[PDB]
Structure formats: C-alpha cells, structure tokens
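Report on one structure; see the data block that follows.
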Ligand SMILES: NS(=O)(=O)c1ccc(Br)cc1
Ligand SMILES: NS(=O)(=O)c1ccc(Br)cc1
C-alpha cells in the first residue's frame, strides 16, 4: 500500500552520461554504442544564442573541438553531424555499459523519468510529464542541458527527452533523441511563450483509481456522467478532453476497482465544481495529473 | 529553475540488491562486501508472523536454508547471524559493485531515497522522510521488504532504512542497517498504532525558501515573529517545534534570499492561519515537509 511519485531506477542511464565541452561551454551528453548525443547549442557563445546559425557555427568546429569525458577518461571523437537540434559525436569506443535502448517520441500526457546531470555527473532523478503545451516542469540549473528523460520496459531504456532550454517563465523545453523539439520551441535565446497548461484528465482519473486502491475513497460520489457532459465541465476547468481511447486505457483500473470509468468521471466532475474543501487525496490538496494509467497499474502491481 | 521532489540516482544501490528466499518466503537483501542484509522475518511462515520467537525459529535454519540470488546466479551462504531485526548472511563472494558506504541512523525529519525492489529487482525510486512518529509514507507491495533507503554524499552511499512492515493504517515501518526499528515498532503481525504525524516545520521553511528562489513569492508577508510566538501557533497546527538549531541550519537559505528565518516563520504563521485560499506554492496546494534545508541547497546549487 501507499502511492508515491516514482521514477525508474536510473542506473542504466547513469552508465550513459558523459561531459561534452565545445570551447568554454560544458553540458551533458548521452553515450550509446559509439555515438554521444548532446544539444547542438553546445557550439554557441551566449552571444551566438541570441540568433545562432548552427550550420555556419558548425563549419568552424572539427571533431577535435568536441571534448568528451566519461568518468575521468577522454573519448576520441572521430566524426560529428547535426541531426535537427542535436549533435551526434562518433567516438572510437562503444559505451561498454550501453543498455538495450530505443528512441521514442512521446505524446503530451506521457510521463518519464529525468536523470538531472551536471558535468556528465548524475545529481538526481525525478518523474515528469510532457505537458499538453509540450513543456515539462523540471528542475534544471545551468550545466543541466543534455540531461535525458526515459522510460524502462524491463531491460530496454526508451529515451524520449533531452533537455535544451528554460522559457522565461522557468518551464522547460527539449527534443526527442532525433533532435526534434517537443512543441514549437527553437534553441534560440528569444522570448518564447508556452500555451495553456491544461490538466491531463486521463492521468487524474488513473490517480483517482490509485487513491481508491489505497483506501482514499471519500470523494467517490453517487453520480455518473457521459463523455460529452464530462467534457463540457472539463473544457471549463482547462482539463484535456477525454476520448473513448482514454476510457479504454482506464479499463484495467475500472475492472480492478469495480468503478465504471464514467462514474469516476462524475466523481472528478464534482471535485472540480465543489473543490477539495481542505481534504487531501493520496496526501495531495490538488488533483495529480503526472501518473499515467500504465504508471498506476505498474506501481499497484509491482513491475520490475 | 524549477523545484522537484528528487531522489538520488539509484545505480550504486541497484548493484547491491539480491533476492533472499527462506522456504516459501522471498524478499530483498542488500549485498555489501561478503554480507547480505535482509529482514529476519524472511524465516517466518505468515503463521509464525502472529507471535514469532526469532531465536527459536532460527535454530531450525542452516546457511543452506538461505537462498541468495544476484541477477540469475546463486551466492554460497557460509554463515548467518541475527543482529536485532536483520539477518546478516555471510556469502563466499564480495559484491564486486559494492560502493563506498556507511550505515547511519537518521533523525525524524531526515529525507532519503528508497529503491523499491521485488525479487531483488529494482522497480522504482522515490523520496521519503522519516516522519516525526518514526513511520514513513512509502509505496510497498508484498515482496518489497528488504528494499532500502539511502542518501549519497558524492560517491559514499549512507544506508539509513530497510523496509520491514506496513501498519494496518498502510504507513510503513523499518530498521536501520543494524536492525533497530525506527520508533517503537516490532516485526510481529500485531495491531501497532502510529503516534501524531506532525509537520516537519524546518522542512516546510526550507521549501518556502526554495519557492522564493524559484519566483513563487506571493505568500511573503510584512510580518516577523519570535521562536516562542511561532511555536505557540506551530503546536496548535501539529507542526514540530522550531529550535535555534533549525534556525542555524536555515542560515544559508536566509543569506541567499535576504529573508531572515523569523520573517519566513511569520509568513508560514500567516499561511497556517489564513490557508492557501486556492493558491499553489511550487505546484502544491499544501505545505511540503519532505525537503530538508540540505536538500534545498543541494537542488538549488546542483551538487552531483
Ligand atoms: N531563458 S531564455 O533566455 O528564454 C533562453 C531561451 C532559449 C535558449 Br537555447 C537559451 C535561453
Ligand atoms: N499489516 S499487519 O498485519 O499490521 C503486520 C504487521 C507487522 C508485520 Br512483520 C506483518 C504484518
């Protein structure tokens, strides 16, 4: 029993973190096989950051301009290319600790673990979601760029995020491991505003199920609703629309608890309209939206 | 910027987790040098759990009755002893991945990372505090016993907790790595009630400082207070008393923010009396008490 915001064990990813230096800039790289992945803005002077032309800045860089350090040993760079907003540095040595891995582009609402690193050294691990506005709310200081987000399926690390930048509002933006930004963000020191940070409805419902499973039942009401009726209230409260695909994903939690998805929707509806009234659910005074249905099943069943 | 509930990277501890089996019971063990540490209740039939005499149950066990598996290789048990509520199994092989480590008994309010494991396999990592009633609010299913709590000081893992049991209220109790329970709990399937789960005042203040540092300033008020005046309000709200030792520990956050500790106390005083009024601090609708002053400094400076 009990329900915690829980990150994947970080060991497999710790074994992949290196320090990348280009001139005076140091950030983090991901070493998989004989490639080190890092944000391309490693090549920028903070002067360059204001309006960088990366192709032109890259002409001025050779393999030997990229200093890659793994623990306290230097890796030989024998090649470099730009793929979208990431640099791929070919090194002469395959990472001996390379796990089984995939690169995956996640959807908004998908959760992942971040191993926050500085100088290629892991400092902490926390759980995030891709926000509906394709930002994440991370914890990232200067030097943290190249820190990665991931999921683990048993022994396969799916890398879904690389940290690139902080918006002036102090929310975070980054790429998949093919270097494509989540959302409309660019690696340029220019004012970029995030859209509406809506609540991930399917994630709230999953967490309401997690609450019932852990004995927090006070919010269970005597009502049901429909997707359309629920969605009208959702829209008004800046909740994401719930689709039948969401209802299907919630099926196993529905089955385990004997609470129909639309009944739990009607409970959430009343929580939005009535508020918490100073009560808590799983030790929270607001509705948590950074657990997926899969996260709740995983934690409430004990997958390793 | 941003502020997250952040666990230590778990890699160093992942390399220490083994499966321990005694008869039909499987739980987790910690393998450091040539010793495997596990909860002594590994020797109990759930029948035994109701009123176990561990010395008497242990007479019936030999070295060969303890099955220790690390990955999918069996370790040879060449010795076993009971120290308080843990078994120490001497094995013929020093753990090659043994990190630098200490065993430490933490104080209430101290935070730590838990690597939740099942069958010696890590499933997740989360951040906990030792509650003032010497319980923790964890996430632990059957098979999770022997899961450990830890802090990392650079390359030295301080092990502070081993998971033993769930109280009927679904909060958690365990030992240090010398097998001494935190609080008055015993490894017996008998009704045990926790005392008052008070709020860790010094931890709330640290997190209020973390909030100011990250631009959440709305709760900063025009008042100050004294330790005695603050403590009267604290007592009424089931907050732990604040001592000068707490004020001293908050000094560096005081210095960084230019907010005197007693001023921040007066802000917290108003938050207790006035409540949040539907506002959030660092994305929370209640006052967070599972960050220590040291945690806030570490995250707000970027220690690795
Ligand atoms: N925090 S900011 O000045 O908006 C900024 C945006 C993008 C980059 Br890449 C670097 C800095
Ligand atoms: N959950 S309980 O029945 O109170 C319990 C207490 C202690 C042990 Br050790 C096992 C079970």
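All residue numbers given for chain B refer to Swiss-Prot; the residues shown span 3264-3567 in order.
If you're wondering, the header gives X-ray crystallography, 1.7 Å.
Backbone N, Cα and C atoms are what each Cβ position is placed from, and that goes for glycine too.
Checking the candidates B:3353, B:3499 against Swiss-Prot, the annotation ubiquitin cross-link falls on B:3353. Filtering the recorded positions B:3304, B:3353, B:3408 for a Cβ under 8 angstroms from any Cβ of chain A leaves an empty list. The C-beta environment of residue B:3304 (active site, for 3CL-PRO activity), restricted to residues of the same chain at least 6 apart in sequence and closer than 8 Å, consists of B:3288, B:3312, B:3315, B:3348, B:3408, B:3427, B:3428, B:3450.
Proximity to ligand 2 at the level of Cβ atoms, with a cut-off under 6 angstroms, picks out B:3304 from the recorded positions B:3268, B:3304, B:3408. When the recorded sites B:3268, B:3353 are compared by the number of other CB atoms within 10 angstroms of each CB, B:3353 has the fewest. Under the DSSP three-state reduction, residue B:3304 (active site, for 3CL-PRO activity) is assigned to helix. For residue B:3268 (ubiquitin cross-link) paired with residue B:3353 (ubiquitin cross-link), the C-alpha to C-alpha distance reads 36 Å.
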